[PDB]
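**Q** Before we start, here is the structure in question, set down as structure tokens.
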Amino acid sequence: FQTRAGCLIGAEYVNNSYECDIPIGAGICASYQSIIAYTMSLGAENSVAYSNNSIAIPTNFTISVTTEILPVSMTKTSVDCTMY
Amino acid sequence: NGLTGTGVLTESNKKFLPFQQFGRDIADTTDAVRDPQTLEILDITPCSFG
Amino acid sequence: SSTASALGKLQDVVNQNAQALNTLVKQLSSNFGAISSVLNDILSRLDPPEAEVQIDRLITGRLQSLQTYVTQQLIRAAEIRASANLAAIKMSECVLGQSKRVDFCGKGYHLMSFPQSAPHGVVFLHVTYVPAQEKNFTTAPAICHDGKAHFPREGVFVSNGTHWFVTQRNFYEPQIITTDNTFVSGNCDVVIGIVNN
Amino acid sequence: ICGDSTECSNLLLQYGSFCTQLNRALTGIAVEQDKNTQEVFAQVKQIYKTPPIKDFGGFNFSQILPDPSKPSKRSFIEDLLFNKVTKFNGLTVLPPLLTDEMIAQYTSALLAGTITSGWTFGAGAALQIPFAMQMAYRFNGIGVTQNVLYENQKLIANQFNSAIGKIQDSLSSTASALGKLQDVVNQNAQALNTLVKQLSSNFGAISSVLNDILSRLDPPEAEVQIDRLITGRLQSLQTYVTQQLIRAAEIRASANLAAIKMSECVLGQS
Ligand SMILES: *[C@@H]1O[C@H](CO)[C@@H](O[C@@H]2O[C@H](CO)[C@@H](O)[C@H](O)[C@H]2NC(C)=O)[C@H](O)[C@H]1NC(C)=O
Ligand SMILES: *[C@@H]1O[C@H](CO)[C@@H](O[C@@H]2O[C@H](CO)[C@@H](O)[C@H](O)[C@H]2NC(C)=O)[C@H](O)[C@H]1NC(C)=O
Ligand SMILES: *[C@@H]1O[C@H](CO)[C@@H](O[C@@H]2O[C@H](CO)[C@@H](O)[C@H](O)[C@H]2NC(C)=O)[C@H](O)[C@H]1NC(C)=O
Ligand SMILES: *[C@@H]1O[C@H](CO)[C@@H](O[C@@H]2O[C@H](CO)[C@@H](O)[C@H](O)[C@H]2NC(C)=O)[C@H](O)[C@H]1NC(C)=O
Ligand SMILES: *[C@@H]1O[C@H](CO)[C@@H](O[C@@H]2O[C@H](CO)[C@@H](O)[C@H](O)[C@H]2NC(C)=O)[C@H](O)[C@H]1NC(C)=O
Ligand SMILES: *[C@@H]1O[C@H](CO)[C@@H](O[C@@H]2O[C@H](CO)[C@@H](O)[C@H](O)[C@H]2NC(C)=O)[C@H](O)[C@H]1NC(C)=O
Ligand SMILES: *[C@@H]1O[C@H](CO)[C@@H](O)[C@H](O)[C@H]1NC(C)=O
Ligand SMILES: *[C@@H]1O[C@H](CO)[C@@H](O)[C@H](O)[C@H]1NC(C)=O
């Protein structure tokens with residue numbers, strides 16, 4: 001198969017569209033599912049029911065706990081000269 | 001004529017003046033040559049790599 | 001406990017430092033165009049005339065390697081400093097108080113946070129709030145009464161089909177419309193969408 | 001630094017693993033750029049679409065919503081911006097992972113979501129609400145009672161339309177309004193060009209071409225001259241890599257700021 005990034009041998013192009021995990025390039029990307037390659041899908045498409053006299057007020061809530069990790073320091077090292 | 005190179009040699013549409021011998025563009029990249037026998041101008045481009 | 005590979009950043013930092021140090025050590029074995037990679041052998045095989053040349057080649061090669069290592073260390077240190085400055089800002093703004101900037105500490109409206117330590121970093125647990133179970137209703141911007149227009153103090157007008165109520169924006173709690181929670185300003189002839197009620 | 005030669009490769013093989021480090025650094029910065037744009041733009045879980053009938057209380061978003069007539073599905077301002085901005089030696093250019101079409105799709109989804117829902121779609125699911133009342137809430141945010149907006153709706157709409165038209169005209173006519181991106185492109189191109197041009201330097205040898213200096217001398221002297229050329233080219237390459245690293249770090253900082261601005265000012269009122 002030929003793509004803007006070059007060519008692919010051993011993978012078969014398909015007309016579907018999934019949120020892929022192995023990027024290839026120029027939108028084309030592959031997944032295992034025999035290895036297949038396709039065009040990534042940006043996400044589920046929905047049309048909001050916009051009008052001029054309607055709203056959407058929530059009636060319930062949930063509480064979520066998420067994580068995030070941040071490094072702050074690395075190992076302190078020193079190096080001599082004459083011994084090195 | 002003692003100039004060593006590697007690539008694909010194809011037909012060139014350049015216009016060398018009669019005194020010209022060859023051509024280069026940047027960094028001593030010989031882009032076009034004229035053969036020492038037919039006096040017909042060709043151009044060189046390296047074969048594909050990746 | 002079960003799902004692994006959730007701490008990629010710290011592992012990457014440790015691996016990068018270890019690999020850089022390892023390749024710095026590995027660079028000793030190179031030849032750099034000299035006769036041998038060990039000083040004792042070339043010292044114990046030649047007179048100083050060419051021995052000094054070989055030593056010079058080895059010295060310049062190793063010096064270049066050391067310079068490269070130091071430069072890479074400096075760049076990585078700058079990156080780590082930027083990351084830790086961001087971490088300190090988040091610690092000050094989301095742990096010691098409630099933040100208002102959107103999507104700074106977790107997805108959804110921020111409630112509170114907890115810090116935890118990690119071998120070379122910090123882990124934030126953000127407790128947030130997320131609405132759900134929506135409805136449709138019908139809406140109007142103001143209400144005519146006796147010729148004057150009423151607007152809601154805080155909240156919004158809704159209607160389930162026959163009657164009108166005022167609720168807050170982020171929850172459904174209908175209440176009867178009263179003078180207490182509405183304020184009046186001028187007659188209703190300019191507003192587009194007033195409803196007679 | 002060798003260019004299809006065996007003696008040069010053999011001589012280079014004994015200098016260690018500099019080139020592995022160089023390749024690793026370049027690959028790292030490329031992956032960093034890809035992740036950079038992905039995290040800047042991909043902020044929405046879904047892809048929203050504007051309704052066919054557009055009555056936003058008099059506001060007119062025609063010049064920023066996508067135009068189906070244009071094959072690129074880009075709005076007027078995007079087309080103006082794209083039109084206002086202006087080969088084989090051993091180096092290659094990789095294409096970006098995300099095509100500009102998908103970037104346009106993300107932009108359209110974000111704009112439609114913020115037009116219809118407001119700030120609500122940034123926390124949970126998008127919630128419908130008429131545009132005029134969203135603008136009333138936005139005034140109520142800054143200390144001005146909503147009592148103002150409903151008595152000045154037409155005037156506000158006219159002012160907004162005039163402002164957007166003036167912005168369009170200023171971008172269309174006035175030039176040099178996009179100096180930053182043009183400068184970035186110029187810097188990258190100039191650095192690459194001077195790196196290529198450095199390949200023609202004598203560096204103290206007798207010539208700047210490998211084949212001529214190889215087909216003219218015995219191997220013993222070829223060693224010396226190839227060594228000189230190799231060390232010169234290696235130094236130049238190291239300098240180029242360091243400059244690229246510095247520039248990439250600066251660009252990453254700028255992109256982080258851009259992502260912060262997108263998250264704080266588009267999806268909510270700051
Ligand atoms: C709210 O009212 C709409 C109609 O005004 C209901 O119908 C939805 O309309 C949108 C856009 O036309 C569609 O995308 C949905 O699929 C429709 N829902 C259906 C057919 O069940 C809508 O269901 C009502 N409720 C909500 C929560 O939107
Ligand atoms: C949404 O549309 C308009 C404008 O906000 C309003 O209703 C329209 O009113 C005109 C004049 O009376 C009628 O000719 C239209 O048929 C109405 N409906 C439209 C344009 O859809 C009102 O604010 C809203 N209308 C509805 C039906 O919800
Ligand atoms: C809001 O959501 C919560 C969570 O689902 C609902 O609480 C559930 O109620 C059902 C019915 O009694 C129980 O079977 C579940 O065990 C409850 N969940 C929990 C976690 O206790 C709650 O009912 C919802 N609110 C409304 C008004 O329906
Ligand atoms: C809209 O809500 C109001 C208030 O809850 C409803 O009015 C009440 O409805 C219940 C159930 O039918 C009756 O028992 C009460 O007598 C009603 N109160 C009054 C003051 O009329 C109303 O029915 C709701 N409308 C719809 C369409 O569900
Ligand atoms: C709300 O009340 C006002 C005042 O009663 C209505 O305005 C007048 O209503 C009468 C009777 O329907 C009409 O004969 C007049 O022509 C109306 N005057 C104007 C200037 O419109 C108003 O119509 C009521 N609201 C609605 C939606 O009908
Ligand atoms: C929003 O603004 C655009 C730009 O002026 C309007 O498009 C113009 O519409 C008029 C009337 O049909 C035409 O004569 C112009 O040629 C249009 N201009 C362009 C550039 O196409 C558009 O009508 C406005 N939207 C609304 C709802 O009025
Ligand atoms: C399916 O994929 C082929 C190429 O693999 C393409 O030519 C074709 O347009 C696609 N769609 C259909 C309906 O065949
Ligand atoms: C060179 O010799 C060949 C064969 O003898 C002939 O065909 C050709 O025309 C000659 N070229 C010139 C420039 O005389």
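Each chain of the structure tokens is named A, B, ... in the order shown, its residues numbered from 1; ligands are numbered from 1 in display order.
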Could you please write out, as a PyMOL selection string, every residue of chain B that DSSP assigns to strand (DSSP E or B)?

**A** chain B and resi 8-11+22-24+30-34+41-45

**Q** Find the spatial neighbours of residue 194 in chain C, counting only C-alpha atoms, within a cut-off of 8 Å - ignore same-chain residues fewer than 4 positions away - and output them as an MDAnalysis selection string.

**A** chainID C and resid 140:144 149 188

**Q** Could you save the residues just selected, with N, CA and C atoms, as an mmCIF file, in the first residue's frame?

**A**
data_model
loop_
_atom_site.group_PDB
_atom_site.id
_atom_site.type_symbol
_atom_site.label_atom_id
_atom_site.label_comp_id
_atom_site.auth_asym_id
_atom_site.auth_seq_id
_atom_site.Cartn_x
_atom_site.Cartn_y
_atom_site.Cartn_z
ATOM 1 N N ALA C 140 -37.453 31.259 28.881
ATOM 2 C CA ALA C 140 -37.758 32.632 28.509
ATOM 3 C C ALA C 140 -36.835 33.571 29.270
ATOM 4 N N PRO C 141 -36.492 34.723 28.688
ATOM 5 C CA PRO C 141 -35.488 35.594 29.316
ATOM 6 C C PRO C 141 -36.037 36.525 30.385
ATOM 7 N N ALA C 142 -37.311 36.889 30.297
ATOM 8 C CA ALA C 142 -37.912 37.805 31.257
ATOM 9 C C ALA C 142 -39.414 37.573 31.258
ATOM 10 N N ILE C 143 -40.094 38.126 32.259
ATOM 11 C CA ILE C 143 -41.528 37.901 32.407
ATOM 12 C C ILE C 143 -42.251 39.234 32.541
ATOM 13 N N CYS C 144 -43.258 39.453 31.699
ATOM 14 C CA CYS C 144 -44.101 40.631 31.832
ATOM 15 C C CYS C 144 -45.102 40.442 32.959
ATOM 16 N N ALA C 149 -41.255 44.467 33.274
ATOM 17 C CA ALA C 149 -40.503 43.243 33.039
ATOM 18 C C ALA C 149 -39.752 42.835 34.297
ATOM 19 N N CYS C 188 -41.889 46.165 29.465
ATOM 20 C CA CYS C 188 -41.455 45.106 28.558
ATOM 21 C C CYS C 188 -41.984 45.402 27.158
#

**Q** Do me a favour and pick out the residues of chain B within 12 Å of chain A, using only C-alpha atoms, as a ChimeraX atom specification.

**A** /B:48-50

**Q** Would you kindly return, as a ChimeraX atom specification, each protein, DNA or RNA residue with an atom no farther than 7 Å from any atom of residue 109 in chain C, considering only C-alpha atoms and excluding same-chain residues fewer than 2 positions away?

**A** /C:107,111,128-130 /D:123

**Q** Dump C-alpha atoms for the selected residues as a compact mmCIF listing (two decimals), in the first residue's frame?

**A**
# COMPACT_ATOMS: atom_id res chain seq x y z
CA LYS C 107 -11.86 17.81 34.66
CA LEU C 111 -13.70 20.80 44.81
CA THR C 128 -14.10 17.27 41.44
CA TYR C 129 -17.81 17.52 40.60
CA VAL C 130 -19.64 16.46 37.43
CA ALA D 123 -17.01 19.88 32.32

**Q** From the list A:8, A:72, A:37, A:20, which residue is nearest ligand 7 when using only C-alpha atoms and all ligand atoms?

**A**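 For ligand 7, the nearest of the given residues is A:37.
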
**Q** Could you work out which residues of chain D fall inside 12 Å of chain A? Count only C-alpha atoms, and format the result as an NGL selection string.

**A** :D and (31 or 34-35 or 38 or 41-58 or 92-107 or 109 or 112-118 or 120-121 or 123-134)

**Q** Could those residues be written to a file, using C-alpha atoms, as a PDB file, in the first residue's frame?

**A**
ATOM      1  CA  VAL D  31       7.844  13.086  18.696  1.00  0.00           C
ATOM      2  CA  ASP D  34       3.680  15.741  17.411  1.00  0.00           C
ATOM      3  CA  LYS D  35       2.539  15.355  21.019  1.00  0.00           C
ATOM      4  CA  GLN D  38      -1.989  16.899  19.714  1.00  0.00           C
ATOM      5  CA  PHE D  41      -5.773  21.051  19.854  1.00  0.00           C
ATOM      6  CA  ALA D  42      -7.432  17.764  20.892  1.00  0.00           C
ATOM      7  CA  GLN D  43      -9.440  19.036  23.855  1.00  0.00           C
ATOM      8  CA  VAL D  44     -12.957  17.733  23.094  1.00  0.00           C
ATOM      9  CA  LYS D  45     -14.069  14.129  23.460  1.00  0.00           C
ATOM     10  CA  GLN D  46     -16.723  14.376  20.726  1.00  0.00           C
ATOM     11  CA  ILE D  47     -17.250  16.258  17.463  1.00  0.00           C
ATOM     12  CA  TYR D  48     -20.167  18.685  17.569  1.00  0.00           C
ATOM     13  CA  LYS D  49     -21.950  20.192  14.582  1.00  0.00           C
ATOM     14  CA  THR D  50     -23.824  23.449  14.184  1.00  0.00           C
ATOM     15  CA  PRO D  51     -27.553  23.180  13.432  1.00  0.00           C
ATOM     16  CA  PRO D  52     -28.668  23.905   9.853  1.00  0.00           C
ATOM     17  CA  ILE D  53     -30.719  26.962  10.881  1.00  0.00           C
ATOM     18  CA  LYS D  54     -28.663  29.774  12.409  1.00  0.00           C
ATOM     19  CA  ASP D  55     -30.514  32.468  14.383  1.00  0.00           C
ATOM     20  CA  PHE D  56     -28.185  33.621  17.164  1.00  0.00           C
ATOM     21  CA  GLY D  57     -30.195  36.648  18.261  1.00  0.00           C
ATOM     22  CA  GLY D  58     -28.691  38.715  15.446  1.00  0.00           C
ATOM     23  CA  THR D  92      14.665  14.093   5.230  1.00  0.00           C
ATOM     24  CA  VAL D  93      11.459  15.806   6.336  1.00  0.00           C
ATOM     25  CA  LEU D  94       8.704  13.798   7.942  1.00  0.00           C
ATOM     26  CA  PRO D  95       5.039  14.760   7.536  1.00  0.00           C
ATOM     27  CA  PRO D  96       2.948  15.705  10.572  1.00  0.00           C
ATOM     28  CA  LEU D  97       0.721  13.016  12.027  1.00  0.00           C
ATOM     29  CA  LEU D  98      -2.377  15.236  11.949  1.00  0.00           C
ATOM     30  CA  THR D  99      -3.365  16.648   8.581  1.00  0.00           C
ATOM     31  CA  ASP D 100      -4.597  20.229   8.453  1.00  0.00           C
ATOM     32  CA  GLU D 101      -8.086  18.942   7.638  1.00  0.00           C
ATOM     33  CA  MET D 102      -8.391  17.261  11.037  1.00  0.00           C
ATOM     34  CA  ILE D 103      -7.089  20.422  12.698  1.00  0.00           C
ATOM     35  CA  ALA D 104      -9.865  22.308  10.924  1.00  0.00           C
ATOM     36  CA  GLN D 105     -12.344  19.705  12.170  1.00  0.00           C
ATOM     37  CA  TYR D 106     -11.211  20.158  15.781  1.00  0.00           C
ATOM     38  CA  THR D 107     -11.462  23.925  15.411  1.00  0.00           C
ATOM     39  CA  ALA D 109     -16.087  21.322  16.734  1.00  0.00           C
ATOM     40  CA  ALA D 112     -19.738  25.011  17.444  1.00  0.00           C
ATOM     41  CA  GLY D 113     -19.664  23.696  20.999  1.00  0.00           C
ATOM     42  CA  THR D 114     -18.832  27.089  22.459  1.00  0.00           C
ATOM     43  CA  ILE D 115     -21.527  28.752  20.344  1.00  0.00           C
ATOM     44  CA  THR D 116     -24.307  26.379  21.341  1.00  0.00           C
ATOM     45  CA  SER D 117     -23.495  25.082  24.827  1.00  0.00           C
ATOM     46  CA  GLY D 118     -21.192  27.713  26.311  1.00  0.00           C
ATOM     47  CA  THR D 120     -20.987  23.681  30.077  1.00  0.00           C
ATOM     48  CA  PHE D 121     -19.436  21.279  27.564  1.00  0.00           C
ATOM     49  CA  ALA D 123     -17.006  19.876  32.322  1.00  0.00           C
ATOM     50  CA  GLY D 124     -19.644  17.271  31.477  1.00  0.00           C
ATOM     51  CA  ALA D 125     -21.885  16.899  28.439  1.00  0.00           C
ATOM     52  CA  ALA D 126     -22.849  19.775  26.173  1.00  0.00           C
ATOM     53  CA  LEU D 127     -26.013  21.544  27.320  1.00  0.00           C
ATOM     54  CA  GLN D 128     -28.182  23.494  24.896  1.00  0.00           C
ATOM     55  CA  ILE D 129     -28.948  27.139  25.704  1.00  0.00           C
ATOM     56  CA  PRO D 130     -30.001  30.143  23.577  1.00  0.00           C
ATOM     57  CA  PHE D 131     -27.092  32.398  22.693  1.00  0.00           C
ATOM     58  CA  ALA D 132     -28.599  35.628  24.026  1.00  0.00           C
ATOM     59  CA  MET D 133     -28.932  34.209  27.529  1.00  0.00           C
ATOM     60  CA  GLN D 134     -25.357  32.929  27.405  1.00  0.00           C
TER      61      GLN D 134
END

**Q** Would you pick out the contacts of range 100-105 of chain C at 9 Å or less, using only C-alpha atoms, so that residues sharing its chain but fewer than 5 positions from it are not included, and give the list as a PyMOL selection string?

**A** (chain A and resi 68) or (chain C and resi 90+94+110+112-113+124+126-128) or (chain D and resi 122-123+260+263-265+267-270)

**Q** Generate the output file for the selected residues, C-alpha atoms, as an mmCIF file, in the first residue's frame.

**A**
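part-v2.cif was written with the following content:
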data_model
loop_
_atom_site.group_PDB
_atom_site.id
_atom_site.type_symbol
_atom_site.label_atom_id
_atom_site.label_comp_id
_atom_site.auth_asym_id
_atom_site.auth_seq_id
_atom_site.Cartn_x
_atom_site.Cartn_y
_atom_site.Cartn_z
ATOM 1 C CA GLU A 68 -1.713 13.535 37.940
ATOM 2 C CA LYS C 90 -0.418 23.729 41.454
ATOM 3 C CA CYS C 94 -5.232 23.766 44.424
ATOM 4 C CA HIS C 110 -12.885 21.720 41.213
ATOM 5 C CA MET C 112 -10.427 19.932 46.573
ATOM 6 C CA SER C 113 -7.134 18.075 46.329
ATOM 7 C CA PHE C 124 -2.040 14.994 43.060
ATOM 8 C CA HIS C 126 -8.099 15.935 42.526
ATOM 9 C CA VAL C 127 -11.665 15.582 43.821
ATOM 10 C CA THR C 128 -14.099 17.274 41.436
ATOM 11 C CA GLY D 122 -16.010 21.731 29.148
ATOM 12 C CA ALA D 123 -17.006 19.876 32.322
ATOM 13 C CA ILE D 260 -3.300 27.059 28.830
ATOM 14 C CA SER D 263 -8.288 25.803 28.151
ATOM 15 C CA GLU D 264 -8.908 28.917 30.235
ATOM 16 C CA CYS D 265 -10.321 31.495 27.801
ATOM 17 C CA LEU D 267 -13.956 26.874 27.411
ATOM 18 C CA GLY D 268 -14.665 29.445 30.120
ATOM 19 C CA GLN D 269 -14.594 33.068 31.182
ATOM 20 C CA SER D 270 -11.364 34.123 32.892
#

**Q** Extract, using only C-alpha atoms, all DNA, RNA and protein residues at most 12 Å from residue 5 in chain B, discarding same-chain residues fewer than 3 positions from it, and format them as number ranges by chain.

**A** B: 1-2, 8-9, 29-33, 43-47; D: 3-5, 209-212, 215
